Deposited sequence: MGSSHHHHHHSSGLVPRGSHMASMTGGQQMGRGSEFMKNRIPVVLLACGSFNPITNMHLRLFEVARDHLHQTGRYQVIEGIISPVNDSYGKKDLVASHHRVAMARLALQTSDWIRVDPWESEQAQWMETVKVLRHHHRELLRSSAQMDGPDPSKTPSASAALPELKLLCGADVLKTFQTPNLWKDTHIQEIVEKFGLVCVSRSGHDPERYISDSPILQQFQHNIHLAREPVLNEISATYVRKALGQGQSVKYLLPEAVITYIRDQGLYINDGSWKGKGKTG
């Protein structure tokens, strides 16, 4: 009933089959509750400001995400966060896309914008950078979390061990289906650096881009 947009923040360094699968599982879960209609997915790669030494330039990560999504009919990459001239907090990215969602919807209930993350975020509060204490309440309260759990994640204990999460747990949606694609970008970077295969862990066009551009080779 409620139209919803799923925003995924993170380094996407590189994007993998895990990140794409997260969108699919989350959309199925929200549709399965009966109360939501998922309209769009947004992949928002992190800004280069103060980035880790292993973080490749943002125009590469945007290009790889675009190649990864050419078989998707509902997820798009938005480079706005990465184009900003400063360090960006996730809550400000959500505010920006929420505003542009309210604008676009007026031209065509009112839509909602939710942050898509793994269950580990409920313990870590990093997407990919540690959120400020004063921003956690706004993210879980005004937007909400759609959490997909990898093996070994325990979202209900994470929510128990956090008073702010418990306070507003009604805006945290725990998807039930497993991720199965247990593929961190860290593993892919290590494998690439050691010359090991990453075929079938990320789309072939991303692998081709990585080789052509010489990324992730030490």
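Practice problem: Extract from the deposited sequence all ranges with no corresponding C-alpha coordinates, numbering residues from 1. | Solution: Residues lacking C-alpha coordinates: 1-39, 148-160, 271-281.
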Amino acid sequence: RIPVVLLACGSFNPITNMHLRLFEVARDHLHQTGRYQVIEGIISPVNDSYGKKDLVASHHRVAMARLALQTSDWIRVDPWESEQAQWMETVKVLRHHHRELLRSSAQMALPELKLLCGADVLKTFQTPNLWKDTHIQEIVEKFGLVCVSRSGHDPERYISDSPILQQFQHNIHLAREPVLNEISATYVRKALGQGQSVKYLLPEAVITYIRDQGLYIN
From here on, numbers count along this sequence of modelled residues.
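Practice problem: Could you check which stretch, 140-148 or 76-84, carries the larger mean CA temperature factor in the entry? | Solution: Averaging CA B-factors over each stretch, the winner is 140-148.
Quiz item: Where do the C-alpha atoms have the higher mean temperature factor in this entry, in 33-41 or in 184-192?
Solution: The stretch with the larger mean CA B-factor is 33-41.
Self-check item: Candidate set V46, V56, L67, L174 [ranked by C-alpha B-factor, highest]
Solution: Comparing C-alpha B-factors across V46, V56, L67, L174, the maximum falls on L174.
Practice problem: Going by the recorded CA B-factors, say which third of the chain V5 sits in, lowest, middle or highest. | Solution: As the PDB entry reports it, the C-alpha B-factor of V5 lands in the middle third of its chain.
Exercise. Comparing against every modelled residue in the chain, figure out the third that the C-alpha B-factor of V179 lands in (lowest, middle or highest).
Key: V179: CA B-factor falls in the middle third of its chain.
Quiz item: When the modelled residues of the chain are sorted by Cα temperature factor, does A26 land in the lowest, middle or highest third?
Solution: Middle third, going by the recorded CA B-factors of the chain.
Self-check item: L115 - Cα temperature factor, lowest/middle/highest third of chain
Solution: It falls in the middle third of the chain.
Exercise. Select lowest, middle or highest to describe the third in which the CA B-factor of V93 falls within its chain in this entry.
Key: Lowest third.
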